């Protein structure tokens, strides 16, 4: 199963060629993880306003098919790895309208849970609530 974040491609996201500028696909990963916390871990987003941080470690995208203005894109997110203070997510970018479902792109991202201090940013274990939520989207065999 995957977490489905819906996006409708806007004109400001299209380059003079007619297709979606590459960097936008990375913004959509951020939206997908944010919308996830809104829906399934609202205590966590919330804490972000009082201490906590989800730091991006790395991100990746691969681009297969051209998107266009007014395409309805699904950013489908799955859990790759949960190890201590770190979270590994993968993404699928499927155009669901107009026309047939088309895999436009695939992405990945790594996030570390941190907090702030005088000594510096310290690694702090994934909040219970977010662990509980992420688990539902793990890939089994």
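Residue numbers count along the first chain shown, from 1.
The mean Cα B-factor in the deposited entry runs higher for 130 to 138 than for the other of 130 to 138 and 2 to 10.
Per the PDB record, of the two stretches 36 to 44 and 22 to 30, 36 to 44 carries the greater mean B-factor over its C-alpha atoms. When the C-alpha B factors of 69, 59, 114, 96 are read from the deposited coordinates, the top value falls at 114.
Ranked by Cα temperature factor within the chain, residue 49 sits in the highest third according to the deposited record.
In the deposited entry, the Cα temperature factor of residue 84 places it in the highest third of its chain's modelled residues.
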